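Chemist: So I've got this file, upload-v8.txt, and it contains compact mmCIF, C-alpha atoms:
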# COMPACT_ATOMS: atom_id res chain seq x y z
CA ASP V 1 -18.77 45.99 -40.82
CA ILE V 2 -21.41 46.99 -38.28
CA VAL V 3 -23.37 50.16 -39.06
CA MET V 4 -25.18 51.93 -36.21
CA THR V 5 -28.18 54.20 -36.83
CA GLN V 6 -29.90 56.41 -34.25
CA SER V 7 -33.29 58.12 -34.22
CA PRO V 8 -34.19 60.94 -33.99
CA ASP V 9 -31.20 63.15 -34.82
CA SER V 10 -32.44 65.54 -32.14
CA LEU V 11 -35.40 66.09 -29.81
CA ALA V 12 -36.62 68.24 -26.92
CA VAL V 13 -38.74 67.67 -23.82
CA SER V 14 -39.78 69.90 -20.90
CA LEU V 15 -37.66 69.73 -17.73
CA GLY V 16 -38.83 66.91 -15.49
CA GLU V 17 -40.25 64.78 -18.29
CA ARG V 18 -38.97 61.55 -19.88
CA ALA V 19 -37.00 61.24 -23.14
CA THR V 20 -36.04 58.21 -25.27
CA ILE V 21 -33.36 57.80 -27.95
CA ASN V 22 -33.34 54.82 -30.31
CA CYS V 23 -30.38 53.02 -31.88
CA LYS V 24 -30.28 50.15 -34.38
CA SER V 25 -27.32 48.00 -35.40
CA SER V 26 -27.13 46.69 -38.97
CA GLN V 27 -26.00 43.44 -37.36
CA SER V 28 -26.47 41.66 -34.02
CA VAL V 29 -24.08 42.63 -31.23
CA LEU V 30 -25.19 39.85 -28.88
CA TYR V 31 -22.42 37.58 -27.62
CA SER V 32 -24.13 34.26 -26.88
CA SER V 33 -21.27 32.82 -24.81
CA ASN V 34 -22.32 34.95 -21.83
CA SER V 35 -25.55 36.22 -23.40
CA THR V 36 -24.36 39.83 -23.48
CA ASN V 37 -24.92 42.79 -25.78
CA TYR V 38 -21.70 44.72 -26.41
CA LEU V 39 -23.50 48.04 -26.79
CA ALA V 40 -22.69 51.30 -25.07
CA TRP V 41 -24.09 54.83 -24.79
CA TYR V 42 -21.96 57.98 -24.57
CA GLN V 43 -22.88 61.45 -23.34
CA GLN V 44 -21.16 64.42 -24.99
CA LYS V 45 -21.46 67.97 -23.68
CA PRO V 46 -19.95 70.55 -26.06
CA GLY V 47 -16.32 71.32 -25.24
CA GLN V 48 -15.75 67.78 -23.98
CA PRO V 49 -15.08 64.35 -25.55
CA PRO V 50 -17.73 61.62 -25.48
CA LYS V 51 -18.13 60.15 -21.98
CA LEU V 52 -19.16 56.55 -21.25
CA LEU V 53 -22.68 56.40 -19.85
CA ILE V 54 -23.93 52.84 -20.27
CA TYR V 55 -22.51 49.51 -21.44
CA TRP V 56 -23.53 45.86 -21.85
CA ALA V 57 -26.66 47.71 -23.04
CA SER V 58 -28.24 48.20 -19.60
CA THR V 59 -25.42 48.61 -17.05
CA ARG V 60 -24.80 52.18 -15.96
CA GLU V 61 -21.22 53.33 -15.55
CA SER V 62 -20.22 54.29 -12.01
CA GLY V 63 -21.28 57.83 -11.15
CA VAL V 64 -24.16 58.00 -13.64
CA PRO V 65 -27.45 59.08 -11.97
CA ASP V 66 -30.07 56.34 -11.73
CA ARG V 67 -32.38 58.33 -14.01
CA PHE V 68 -30.47 57.04 -17.06
CA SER V 69 -31.23 53.46 -18.14
CA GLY V 70 -30.69 51.33 -21.23
CA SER V 71 -32.69 48.53 -22.81
CA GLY V 72 -32.90 46.38 -25.92
CA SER V 73 -31.10 43.37 -27.34
CA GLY V 74 -29.91 41.97 -30.64
CA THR V 75 -30.22 44.91 -33.03
CA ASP V 76 -32.52 47.47 -31.37
CA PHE V 77 -31.59 49.53 -28.31
CA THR V 78 -32.97 52.51 -26.40
CA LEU V 79 -31.57 55.07 -23.97
CA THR V 80 -34.13 56.38 -21.47
CA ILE V 81 -34.05 59.52 -19.35
CA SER V 82 -36.85 59.43 -16.74
CA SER V 83 -36.59 63.12 -15.80
CA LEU V 84 -34.65 65.52 -18.01
CA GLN V 85 -32.37 67.80 -15.98
CA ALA V 86 -30.40 70.88 -17.05
CA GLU V 87 -27.09 69.00 -17.01
CA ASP V 88 -28.48 66.26 -19.27
CA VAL V 89 -28.48 68.63 -22.25
CA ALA V 90 -25.94 67.02 -24.57
CA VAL V 91 -25.51 64.84 -27.67
CA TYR V 92 -25.84 61.09 -27.09
CA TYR V 93 -24.18 58.32 -29.09
CA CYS V 94 -24.68 54.56 -29.13
CA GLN V 95 -21.74 52.29 -29.94
CA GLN V 96 -21.09 48.62 -30.58
CA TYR V 97 -17.84 46.97 -29.55
CA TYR V 98 -18.67 43.42 -30.57
CA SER V 99 -16.42 43.38 -33.63
CA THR V 100 -13.69 45.74 -34.79
CA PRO V 101 -13.72 48.40 -36.01
CA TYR V 102 -15.86 49.56 -33.11
CA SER V 103 -18.49 51.92 -34.52
CA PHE V 104 -20.76 54.78 -33.41
CA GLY V 105 -24.18 55.98 -34.48
CA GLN V 106 -24.59 59.49 -35.93
CA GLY V 107 -25.57 60.94 -32.55
CA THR V 108 -28.75 62.47 -31.12
CA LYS V 109 -29.00 65.99 -29.70
CA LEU V 110 -31.08 66.28 -26.52
CA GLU V 111 -32.51 69.65 -25.51
CA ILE V 112 -35.02 71.40 -23.28
CA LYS V 113 -38.54 72.35 -24.37
CA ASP R 1 -15.42 59.08 -42.88
CA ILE R 2 -12.06 59.18 -41.09
CA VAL R 3 -10.12 55.90 -40.97
CA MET R 4 -7.92 54.99 -37.97
CA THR R 5 -5.06 52.51 -38.29
CA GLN R 6 -2.73 51.36 -35.54
CA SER R 7 0.72 49.80 -35.61
CA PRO R 8 1.47 47.11 -34.61
CA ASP R 9 -1.55 44.89 -33.94
CA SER R 10 0.18 43.35 -30.92
CA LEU R 11 3.45 43.78 -29.02
CA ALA R 12 5.31 42.84 -25.83
CA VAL R 13 7.93 44.44 -23.59
CA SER R 14 9.52 43.52 -20.24
CA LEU R 15 8.02 44.66 -16.94
CA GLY R 16 9.38 48.10 -16.12
CA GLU R 17 10.32 48.85 -19.73
CA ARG R 18 8.63 51.31 -22.08
CA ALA R 19 6.18 50.51 -24.85
CA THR R 20 4.71 52.62 -27.67
CA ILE R 21 1.62 52.17 -29.83
CA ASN R 22 1.12 54.30 -32.95
CA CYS R 23 -2.11 55.50 -34.58
CA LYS R 24 -2.72 57.07 -38.01
CA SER R 25 -5.82 58.95 -39.21
CA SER R 26 -6.60 59.19 -42.94
CA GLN R 27 -7.46 62.85 -42.36
CA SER R 28 -6.28 65.44 -39.84
CA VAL R 29 -8.24 65.61 -36.60
CA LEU R 30 -6.47 68.81 -35.55
CA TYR R 31 -9.10 71.48 -34.96
CA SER R 32 -7.79 74.82 -36.26
CA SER R 33 -10.28 77.00 -34.37
CA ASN R 34 -8.93 75.83 -31.00
CA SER R 35 -5.78 74.13 -32.28
CA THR R 36 -6.59 70.94 -30.37
CA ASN R 37 -6.68 67.31 -31.50
CA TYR R 38 -9.91 65.35 -31.17
CA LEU R 39 -8.05 62.13 -30.44
CA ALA R 40 -8.54 59.65 -27.61
CA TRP R 41 -7.05 56.45 -26.25
CA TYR R 42 -8.92 53.59 -24.58
CA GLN R 43 -7.84 50.61 -22.54
CA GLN R 44 -9.85 47.41 -22.80
CA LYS R 45 -9.38 44.45 -20.47
CA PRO R 46 -11.24 41.13 -20.88
CA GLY R 47 -14.82 41.13 -19.62
CA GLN R 48 -15.05 44.92 -19.66
CA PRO R 49 -15.83 47.63 -22.23
CA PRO R 50 -13.02 49.88 -23.49
CA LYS R 51 -12.27 52.60 -20.89
CA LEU R 52 -11.27 56.20 -21.63
CA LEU R 53 -7.56 56.60 -20.92
CA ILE R 54 -6.54 59.81 -22.67
CA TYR R 55 -8.32 62.59 -24.60
CA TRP R 56 -7.36 65.72 -26.53
CA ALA R 57 -4.42 63.47 -27.51
CA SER R 58 -2.43 64.17 -24.36
CA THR R 59 -4.82 64.85 -21.46
CA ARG R 60 -4.82 62.03 -18.95
CA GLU R 61 -8.21 61.00 -17.59
CA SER R 62 -8.79 61.06 -13.84
CA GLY R 63 -7.31 58.17 -11.90
CA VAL R 64 -5.01 57.32 -14.79
CA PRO R 65 -1.38 56.86 -13.61
CA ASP R 66 1.32 59.08 -15.11
CA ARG R 67 2.99 56.04 -16.70
CA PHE R 68 0.51 56.71 -19.52
CA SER R 69 0.95 59.70 -21.83
CA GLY R 70 -0.09 60.55 -25.36
CA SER R 71 1.61 62.60 -28.05
CA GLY R 72 1.32 63.46 -31.73
CA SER R 73 -0.62 66.00 -33.77
CA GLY R 74 -2.73 66.01 -36.93
CA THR R 75 -2.65 62.48 -38.29
CA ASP R 76 0.07 60.77 -36.29
CA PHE R 77 -0.28 59.94 -32.58
CA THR R 78 1.54 57.77 -30.07
CA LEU R 79 0.54 56.22 -26.75
CA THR R 80 3.49 55.67 -24.43
CA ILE R 81 3.93 53.59 -21.29
CA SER R 82 7.15 54.45 -19.44
CA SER R 83 7.21 51.48 -17.03
CA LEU R 84 5.15 48.45 -18.00
CA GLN R 85 3.24 46.91 -15.11
CA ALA R 86 1.22 43.68 -15.02
CA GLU R 87 -2.10 45.54 -14.95
CA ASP R 88 -1.22 47.34 -18.19
CA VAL R 89 -1.76 44.10 -20.12
CA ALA R 90 -4.74 44.84 -22.35
CA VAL R 91 -5.87 45.93 -25.81
CA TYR R 92 -5.52 49.63 -26.64
CA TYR R 93 -7.56 51.62 -29.14
CA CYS R 94 -7.28 55.15 -30.47
CA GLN R 95 -10.41 57.09 -31.48
CA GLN R 96 -11.09 60.24 -33.47
CA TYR R 97 -14.12 62.31 -32.48
CA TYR R 98 -13.43 65.27 -34.72
CA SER R 99 -16.18 64.35 -37.18
CA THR R 100 -18.99 61.83 -37.09
CA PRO R 101 -19.02 58.92 -37.47
CA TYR R 102 -16.52 58.82 -34.63
CA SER R 103 -14.19 55.88 -35.23
CA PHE R 104 -11.75 53.47 -33.58
CA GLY R 105 -8.47 51.91 -34.70
CA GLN R 106 -8.31 48.10 -35.06
CA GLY R 107 -6.80 47.62 -31.60
CA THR R 108 -3.35 46.80 -30.25
CA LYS R 109 -2.64 43.95 -27.81
CA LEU R 110 -0.05 44.78 -25.16
CA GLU R 111 1.59 41.75 -23.53
CA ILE R 112 4.34 41.11 -20.99
CA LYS R 113 7.65 39.85 -22.37
CA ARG R 114 8.52 36.88 -20.14
Is it possible to give me this structure as structure tokens?
Modeler:
Amino acid sequence: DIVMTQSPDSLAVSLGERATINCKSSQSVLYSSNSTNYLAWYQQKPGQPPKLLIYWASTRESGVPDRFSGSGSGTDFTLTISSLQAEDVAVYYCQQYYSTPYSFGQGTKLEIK
Amino acid sequence: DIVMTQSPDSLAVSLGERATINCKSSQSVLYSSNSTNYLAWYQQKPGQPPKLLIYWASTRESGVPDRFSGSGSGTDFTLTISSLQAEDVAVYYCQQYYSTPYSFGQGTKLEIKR
């Protein structure tokens, strides 16, 4: 199947500064028919289930602040936070839903410096 | 890793009738410390990513109509739809997020019996 790997497992940045989380798929998740990457990013604050943040690799889900943005294609993707805020402290997960079983990466813990 | 299996892979019922999709986990996702199940249900329509429908096994997400309700505990869960409506036609997936890697079931196609 498709294995997803993230990097790092955790990281910290000062409030106000940028942060980037990387994710690699063991296989391509690009659907050529409509040239789209079936990749998503989830935000998980402790005490809550994972919440959809970004899909199609770069499309933010409604409600998500414009400071979150996704990029990448094929097998390498990145989640970018332009200005870390207190509420952004959480564990992020990338996921591919190109072929079943849909799979997640191991997760990356984001914290404040 | 925990393995999620659903039954059946596809099914159909008449509009206004009930439908049930089952999901098994190879290992319990019941969390003893809080006695809650780390189980979720998603609805996926064509051209869109799966969308969170239910979490904690029975908590309905915001905006989700009461026709949808989840049940089960440990390793056996069930998604129920009391009155099938045309917009409920989609593929449903269960997910465990008790222990990484979080995982999905193979998906169940819900169709309208004409």
Chemist: Enumerate, in order of chain and increasing residue number, the residues of chain R with an atom no farther than 10 Å from chain V, each with its shortest atom pair and distance in Å to one decimal, counting only C-alpha atoms, as JSON lines.
Modeler:
{"residue": "R:3", "atom": "CA", "partner": "V:101", "partner_atom": "CA", "distance": 9.7}
{"residue": "R:4", "atom": "CA", "partner": "V:101", "partner_atom": "CA", "distance": 9.0}
{"residue": "R:5", "atom": "CA", "partner": "V:101", "partner_atom": "CA", "distance": 9.9}
{"residue": "R:38", "atom": "CA", "partner": "V:49", "partner_atom": "CA", "distance": 7.7}
{"residue": "R:39", "atom": "CA", "partner": "V:49", "partner_atom": "CA", "distance": 8.8}
{"residue": "R:40", "atom": "CA", "partner": "V:49", "partner_atom": "CA", "distance": 8.3}
{"residue": "R:47", "atom": "CA", "partner": "V:34", "partner_atom": "CA", "distance": 10.0}
{"residue": "R:48", "atom": "CA", "partner": "V:56", "partner_atom": "CA", "distance": 8.8}
{"residue": "R:49", "atom": "CA", "partner": "V:55", "partner_atom": "CA", "distance": 7.0}
{"residue": "R:50", "atom": "CA", "partner": "V:97", "partner_atom": "CA", "distance": 8.3}
{"residue": "R:51", "atom": "CA", "partner": "V:52", "partner_atom": "CA", "distance": 8.0}
{"residue": "R:52", "atom": "CA", "partner": "V:52", "partner_atom": "CA", "distance": 7.9}
{"residue": "R:55", "atom": "CA", "partner": "V:49", "partner_atom": "CA", "distance": 7.0}
{"residue": "R:56", "atom": "CA", "partner": "V:49", "partner_atom": "CA", "distance": 7.9}
{"residue": "R:93", "atom": "CA", "partner": "V:102", "partner_atom": "CA", "distance": 9.4}
{"residue": "R:95", "atom": "CA", "partner": "V:102", "partner_atom": "CA", "distance": 9.4}
{"residue": "R:96", "atom": "CA", "partner": "V:49", "partner_atom": "CA", "distance": 9.8}
{"residue": "R:97", "atom": "CA", "partner": "V:49", "partner_atom": "CA", "distance": 7.3}
{"residue": "R:98", "atom": "CA", "partner": "V:49", "partner_atom": "CA", "distance": 9.4}
{"residue": "R:99", "atom": "CA", "partner": "V:106", "partner_atom": "CA", "distance": 9.8}
{"residue": "R:100", "atom": "CA", "partner": "V:106", "partner_atom": "CA", "distance": 6.2}
{"residue": "R:101", "atom": "CA", "partner": "V:106", "partner_atom": "CA", "distance": 5.8}
{"residue": "R:102", "atom": "CA", "partner": "V:104", "partner_atom": "CA", "distance": 6.0}
{"residue": "R:103", "atom": "CA", "partner": "V:103", "partner_atom": "CA", "distance": 5.9}
{"residue": "R:104", "atom": "CA", "partner": "V:102", "partner_atom": "CA", "distance": 5.7}
{"residue": "R:105", "atom": "CA", "partner": "V:101", "partner_atom": "CA", "distance": 6.4}
{"residue": "R:106", "atom": "CA", "partner": "V:101", "partner_atom": "CA", "distance": 5.5}
{"residue": "R:107", "atom": "CA", "partner": "V:100", "partner_atom": "CA", "distance": 7.8}
Chemist: Would you please work out which residue, of V:12, V:81, V:64, V:90, is nearest to residue 47 in chain V when using all atoms listed in the file?
Modeler: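 Closest candidate: V:90.
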Chemist: Could you give me, as a ChimeraX atom specification, the residues within 10 Å of residue 73 in chain V, counting only C-alpha atoms and dropping anything in the same chain fewer than 6 positions from it?
Modeler: /V:24,28-30,35-39,56-58
Chemist: At most 10 Å from (-34.4, 66.9, -24.2), file frame, only C-alpha atoms: which residues, as an NGL selection string?
Modeler: :V and (10-21 or 81 or 83-86 or 88-91 or 108-113)
Chemist: If I take CA of residue 15 in chain R and CA of residue 91 in chain R, how far is one from the other in Å, to one decimal?
Modeler: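 Spanning CA of residue 15 in chain R to CA of residue 91 in chain R is a straight-line distance of 16.5 Å.
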Chemist: Take the point (-1.4, 57.9, -25.1) in the file's coordinates, draw a sphere of radius 10 Å around it, and report as a short mmCIF file (atom, residue, chain, number, x, y, z; two decimals) with C-alpha atoms, in the frame of the given file every protein, DNA or RNA residue with an atom inside or on it, counting all atoms listed in the file.
Modeler:
data_model
loop_
_atom_site.label_atom_id
_atom_site.label_comp_id
_atom_site.auth_asym_id
_atom_site.auth_seq_id
_atom_site.Cartn_x
_atom_site.Cartn_y
_atom_site.Cartn_z
CA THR R 20 4.71 52.62 -27.67
CA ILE R 21 1.62 52.17 -29.83
CA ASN R 22 1.12 54.30 -32.95
CA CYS R 23 -2.11 55.50 -34.58
CA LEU R 39 -8.05 62.13 -30.44
CA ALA R 40 -8.54 59.65 -27.61
CA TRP R 41 -7.05 56.45 -26.25
CA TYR R 42 -8.92 53.59 -24.58
CA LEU R 53 -7.56 56.60 -20.92
CA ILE R 54 -6.54 59.81 -22.67
CA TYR R 55 -8.32 62.59 -24.60
CA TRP R 56 -7.36 65.72 -26.53
CA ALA R 57 -4.42 63.47 -27.51
CA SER R 58 -2.43 64.17 -24.36
CA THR R 59 -4.82 64.85 -21.46
CA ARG R 60 -4.82 62.03 -18.95
CA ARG R 67 2.99 56.04 -16.70
CA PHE R 68 0.51 56.71 -19.52
CA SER R 69 0.95 59.70 -21.83
CA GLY R 70 -0.09 60.55 -25.36
CA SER R 71 1.61 62.60 -28.05
CA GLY R 72 1.32 63.46 -31.73
CA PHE R 77 -0.28 59.94 -32.58
CA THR R 78 1.54 57.77 -30.07
CA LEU R 79 0.54 56.22 -26.75
CA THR R 80 3.49 55.67 -24.43
CA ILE R 81 3.93 53.59 -21.29
CA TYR R 92 -5.52 49.63 -26.64
CA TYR R 93 -7.56 51.62 -29.14
CA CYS R 94 -7.28 55.15 -30.47
#
Chemist: Quick one: distance from CA of residue 36 in chain R to CA of residue 6 in chain R in Å, one decimal?
Modeler: 20.6 Å
Chemist: Which is closest to residue 24 in chain R among R:44, R:62, R:73, R:85, if we use all atoms listed in the file?
Modeler: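 The shortest atom-to-atom distance to residue 24 in chain R comes from R:73.
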Chemist: Work out how far CA of residue 109 in chain R is from CA of residue 75 in chain V, in Å to one decimal.
Modeler: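 Here the two named atoms are 28.1 Å from each other.
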Chemist: Considering only C-alpha atoms, can you say which of R:34, R:61, R:27, R:66 comes closest to residue 83 in chain R?
Modeler: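 Closest residue, counting only C-alpha atoms: R:66.
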